[PDB]
Every structure is written in structure tokens, then in C-alpha cells.
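Next comes just one chain, in C-alpha cells: the form deposited in one PDB entry.
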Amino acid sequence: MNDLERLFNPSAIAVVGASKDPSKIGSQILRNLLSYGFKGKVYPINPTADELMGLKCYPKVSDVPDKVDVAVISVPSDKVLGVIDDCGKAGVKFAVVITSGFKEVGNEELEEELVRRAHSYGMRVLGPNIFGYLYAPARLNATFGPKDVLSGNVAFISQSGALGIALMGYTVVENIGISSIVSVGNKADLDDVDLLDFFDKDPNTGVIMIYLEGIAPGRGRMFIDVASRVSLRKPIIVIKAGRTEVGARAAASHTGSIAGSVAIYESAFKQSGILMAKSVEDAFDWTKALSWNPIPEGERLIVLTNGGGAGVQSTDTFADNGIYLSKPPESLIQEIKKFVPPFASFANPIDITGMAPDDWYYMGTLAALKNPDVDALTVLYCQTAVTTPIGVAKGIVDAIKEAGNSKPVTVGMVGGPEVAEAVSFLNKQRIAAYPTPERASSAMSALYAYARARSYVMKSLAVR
């Protein structure tokens, strides 16, 4: 009852509440399921329809001549308990309850009855009040959100419906590759803890991003225990809703709950090795970098820049994150002195001057990455007439390939429309690129933050 393998990888899924009316939510889910390419059996359930979207329809899940793993329930709340009973009779393992009108509108009684009854059949509940879920490795889009996402290794769990389903679309724009989207909504039964356990053991998932408004009473200890063990291998980024006192009360009112302690949540996340994001932008910028790079093996981070200004913005940003640069290895300085002028600066950042052509980015990036005393690289570029943005990007691509290793790299590029395209180009290659030097630096700082978070957890688990 605590393994979620058949939720994410079902053989058969029923959609209860799909209709001949294509505008209904049930129908929208069914359309996403078929167009995203689910290869198992899909069972529309409707009282009267003979078929929906070319599939044989049944009036009850219990009429389906097959073992249904998952039932996506899109009927009004006054109908839900009846569908649960029939799912229970049919041996359904998971009820994914889209339906709203439970604890979030003050009807806790109905919600607790829903969970009570599902459990009497050995059935778990996701939600209620959710937009569904997606699992890319099973080609399963059981949401009424966008019909597609970029495939990748990021799992995104959201307690928020509207922001969750919107961020699902935002991942495409920000080039974030997704393994799963899970709407948890009211969290009446299955929650973050249950999901982390699954994503811990999921080889398709390498990073976990959570939008979290609150943890249930009595559940926090289990949360730290699971998240800390996940964090040893996979970074967890939490966007905490209500991270200010004022906001905690606002979240405390949005959900129907008393306001958790801000300070104690912060400490729980630290003890979990969790990275707390203060914003969507930070969370996505960090997710990109953590998805696409290994953690650095040491603190010999190099910043390479064709302008002092960007370098100083970077330095200040790194310093705000407790990251301080040190002198570059003399082997590296010697390597770069082969092509840069003598009024170049080598303090770290390594300033190759505003006169640097495209090729110096290739040569500079290659030299840094191949050097055995360099652990990570942030490449900064300010667009000038002596260069082309795409040429610089392609230089970075080639240097990364040539070096034939994986050291973390982030790229900050500042300029006009040509830079926007070059940055887009890099991100499509899964090279973490950003349109400012502070964002590229913030993203690299996330890689270090995670390495320090993992180390915190390792140390706290040390055997006496």
C-alpha cells in the first residue's frame, strides 16, 4: 500500500467523468492522456457513452474487464464517494481525485470520509482538489494542463493548483526537462513524503522541485528523515509559500490551518539538505543548473569574463552566497597568457578584456575545463561588435565537448536579440545559460549550496 510504482507506471487507467462534451475537465484529461502517448489501456467511464475518443467506454470502473491500477475521478463531489466504492470493488489501487469542494471549502468531514473509505479498500488517494499528474517515462499525461512538456530528469510536486499548472507550462519556456508533474492539492492522503520515497528510487528523476505551503501535523519528522536521505543523491529545491511571518499567516488562511513556525521550517530544510528558493525564478534557475551539471568536487571555481563589470557583479553575487574566489592555478594563467594581452587580469575572475574575439572563449573555456585544479566554470560574456553571440556559444559548446569531462559550467550572456538567441541555443543543449551575470552566478552558487547541503546531511548522519 506504500509503493507508488503502479501510480506512475500503470498498466491500466480509468478516467471517470470524461464526456461527449469536449469542454469538460474529464474530457480534457482523456485528450491529454491519448495525445501524450500513453501505451497501456485507457478506460473512459461515463454513464451513457458507448465510446469516447475511439475508446470503449463503461458506465462503472467495476464493469471494466481488466485490472485498473489508477482511476482519475472528475465528477462533482456529491458523486465522488460512490465512484470510490465502485473503484474499491474493482480493486483500484489509486484514486486521483481532480474534484474540488473538500477541505479547502470547509468540508473536512467529506474529505476524511473519502480517505477513510478509500483505505477500507486498500486504496490510496491523491488530492483531492488537484489538476492531476504526469509521468514522462510512462508517457502518461493525466492532467488538464498543457498537453506536452520537455522530457528530462526534473520532478515537480505542487501543493498549489493554479501556480502548479501554470509552472507546468513555464518549464517549456525555461527549457527545463521534466520527468514528472504531481499536483498534490489538499494532501488528504498521499503527500510529499510518500512522493519523495518514490522519486528517491526512480532512476528517471535526478532533481526534485516542490511548491510547499505546509506539512501536516505529526508529519515533519518523517519529512526530514526521508528528504535528508534523498538529498544524499538528489537535490531537493523547495519553494516555500509563506516564508515571512506575514506570508505564513496568508498561507495559513489560504489553506485551512494554523500558521507553522517560519524559523523551524527553515531549520527542518537545512537538516534535510533542502535548498529553499525565495522565488519561482530562483527555483527554476537552480533547477536548470542542478539538472544539467554534476556537483563540483572542490571550491576551485573559475570565472571567465570579457569585461570587468560583469566580473564584479558575479563576484558580489558569489560573495552574497558565501562563495569566495581564489587565485587561479598557475598552469591555467600560463595557458591563457598565450593569447590574451598583458593588460589582462588573472585575479579570478580571469578578465580576457573586451577586445576578446569568439575564439578566445573556446580557448579560454577549454583551458579552464581541462585543467585538473579547476572544479567549476562560470563563463561571462558581454556582447560587443568584435564578437558574435552565437560564435561564443558554439565556442563554449565545443570546449565542453573537447574537454571530455563533466565539470559544472554556467553561462551569463548580456546583450540584445542575438544574445537572447544564443542563450536559448545554449539551454537547448542543456548548458545552463542566463541573460545576466548575477543569474549565471546564482545558478552556480546553487551547485555549491547543494554540495554543502549534502555535506551537512552526511555529517549529521556520521556514526559516533
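Heads up: residue numbers just count along the shown sequence, starting at 1. Between two forms, the rigid core is the largest collection of C-alphas that superpose within 1.5 Å.
Checklist entry - Out of 422 to 430 and 46 to 54, which one has CA B-factors that are higher on average in the deposited record? => result Between 46 to 54 and 422 to 430, it is 46 to 54 that shows the higher mean C-alpha B-factor.
Checklist entry - Which wins on mean Cα temperature factor, 437 to 445 or 14 to 22? => result Of 14 to 22 and 437 to 445, the stretch with the higher C-alpha B-factor average is 14 to 22.
Item to check | Identity of residue with top Cα B-factor, from 164, 256, 132, 206 | outcome: It is 256.
Item to check | 137, 273, 177, 341, ranked by C-alpha B-factor: the highest one | outcome: Answer for 137, 273, 177, 341: 341, with the highest C-alpha B-factor.
Checklist entry - Split the chain's modelled residues into thirds by Cα B-factor; is residue 234 in the lowest, middle or highest one? => result It belongs to the lowest third of the chain when residues are ordered by C-alpha B-factor.
Item to check | Ranked against its chain, the third holding the CA B-factor of residue 306 | outcome: Middle third - that is where residue 306 ends up once the chain's C-alpha B-factors are sorted.
Checklist entry - Of the three thirds of its chain by CA temperature factor, lowest, middle or highest, which one includes residue 212? => result Residue 212: CA B-factor falls in the middle third of its chain.
Checklist entry - Among the chain's modelled residues, which third holds the C-alpha B-factor of residue 366? => result Ranked within chain, residue 366 CA B lands in the middle tercile.
Item to check | Ranked C-alpha temperature factor of residue 65 among modelled chain residues, by third | outcome: Highest third.
Note that the form deposited in another entry isn't included here; everything after this is about it.
Item to check | Rigid core superposition between the shown form and the other one: residue from 253, 107, 321, 151 with Cα shift of 2 Å or more | outcome: So the only displaced C-alpha belongs to 253.
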